[PDB]
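Here we start with a single chain on its own, the form deposited in one PDB entry, put down as C-alpha cells.
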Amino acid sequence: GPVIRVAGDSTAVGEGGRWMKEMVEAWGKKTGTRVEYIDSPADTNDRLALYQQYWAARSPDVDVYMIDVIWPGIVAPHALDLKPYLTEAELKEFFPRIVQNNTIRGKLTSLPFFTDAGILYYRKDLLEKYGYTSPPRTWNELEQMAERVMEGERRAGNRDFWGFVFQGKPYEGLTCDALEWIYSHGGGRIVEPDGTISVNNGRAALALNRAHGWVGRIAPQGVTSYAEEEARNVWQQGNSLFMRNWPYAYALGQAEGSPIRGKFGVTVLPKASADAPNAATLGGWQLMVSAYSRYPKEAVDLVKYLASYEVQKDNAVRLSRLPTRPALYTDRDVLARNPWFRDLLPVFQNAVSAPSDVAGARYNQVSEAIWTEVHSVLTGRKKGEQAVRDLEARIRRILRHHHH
C-alpha cells in the first residue's frame, strides 16, 4: 500500500522527534498503513529551508509536515486545504485564535497541534537558600537575584554556575526572546498588527541594552550561541538560577535522573515595571498535508489522528507541551501531571505573537533582520539605540510594497 511519510519535529530537541516518530508508527499500526519518519534539524528556520527544497520541487516524498505558527502565510501554496475535511464542530474543538492563524485566504493550511509560550523557569531550592520567597517580577529583580545567587554558588565551588540562560543564537529563537524583551519594556511588537514598524523607540532600545548587560555577567559569554537545547542543558545540569524557555523543558527537567527534578517552578517572564505588559511570545506547531502528497486522504487521516484528543493528551502528560484543545485544560490527568498549565493559562491566553500575520510571506526575511540586529547588540557590536534604528530601516525595505 501507500507509504505515508512525515517530516515534523526534530530528534535534536528534547523528546519531540522520538515522540513524533512513535505517534506516527502508532497510527500506521492502528490503520495498517506503512509510514516513514524523516528527521529535521533543530532550529525552526533551518527546517523551513529544508522543507522549502521539497516544496520548490513539488516533491511527493513527504506527505505530512509539522509547521511553525509563524509559517502559514509563507507555506499556504504548499498546503492542502483541510477545510472540506473537517466539520464545523470538529474545528470548534481547537482554540479559534489558532485556527484563524492557520487560515490564509480561506485555506485551512493546517490543524493546531500544540501551542507554546515563553516562560520563566526558576530554581526554587536556590531562591529559598538565598532568602527569596517568590520569583522575580521585574527584570531588575531578576538581575539582583542572579547576582546574589551566582556570587554564593561560585564561592561554594560551582565554577559552572550562572544566573540566567536564554536563546541568544542568531536564529528564530532569538526573535522570540527579543520580542519578549521589547514588549515587556513597553516597547511594542516590533511591527504592529496594523503594519506600523514601531521598533525604533527608547523602550525597545533599553530592552536590548539590558539584555547585552547580561552577557558574560549573569549569563554565559557563550549565550550568544545558545538555542533552546544549549540553554536547557546548562539549566538541567543544575547550573542556572533562571532560564527562559518553552513548556517542553518542564517534563525533561522532572525526568528520573534529572539533577533538578523537583527543584524548580515556572512563572511569567519578568517585566520592566508593574505597568508594562506581561510578555510571553506565542509559539506552537501545526500539522499540514502537503499539496504535493499523492495520498491526501490517508495523510489527512494521519493529521486528524495526531491532532486528536488522546494524542494531544499524551503530548501534554509525557512532554509537557500545551494542547490546542480547550477541553484538555480541564482533564484531571493533564492537570494533575502539570498543575502549572492551570496556573499559567492566562499567560498563555495573553501571549504576544511575532509579526508573522502582518509580514505574511515575507516573515522569514523580517525575522532574520530582527535576530541579526538584536544579536549585534548582544555581541557588543552595536548599542540598542543604533540597532533599533537600523532594524527599522531594514524592516522598512523588506515590507515596502507589502500590504496585509
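Numbering starts at 1 and follows the sequence shown.
- Relative to one another, 68 to 76 and 273 to 281 have unequal mean CA B-factors, and 273 to 281 is the one with the higher figure.
- Relative to one another, 205 to 213 and 79 to 87 have unequal mean CA B-factors, and 79 to 87 is the one with the higher figure.
- The PDB entry assigns its highest CA temperature factor, among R332, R325, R244, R155, to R155.
- Highest CA B-factor among the listed residues (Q312, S225, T175, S258): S258.
- Placement of the Cα temperature factor of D357 within the chain: middle third of the modelled residues, per the deposited record.
- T103 sits in the middle third of its chain by CA B factor, as recorded in the PDB entry.
- For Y132, the recorded CA temperature factor ranks within the highest third of the chain's modelled residues.
- For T33, the recorded CA temperature factor ranks within the highest third of the chain's modelled residues.
- When all modelled residues of the chain are sorted by CA temperature factor, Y295 is found within the highest third.
There is also a form deposited in another entry; it is not shown, and the following applies to it.
- Two rigid parts rotate against each other between this form and the one not shown, and the hinge linking them lies at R342 among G195, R342, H78, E230.
- Distance between the C-alpha atoms of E172 and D46: longer in the other form than here (change of 3 Å or more).
- The distance between the CA atoms of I104 and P355 is at least 3 Å shorter in the other form than in the form shown here.
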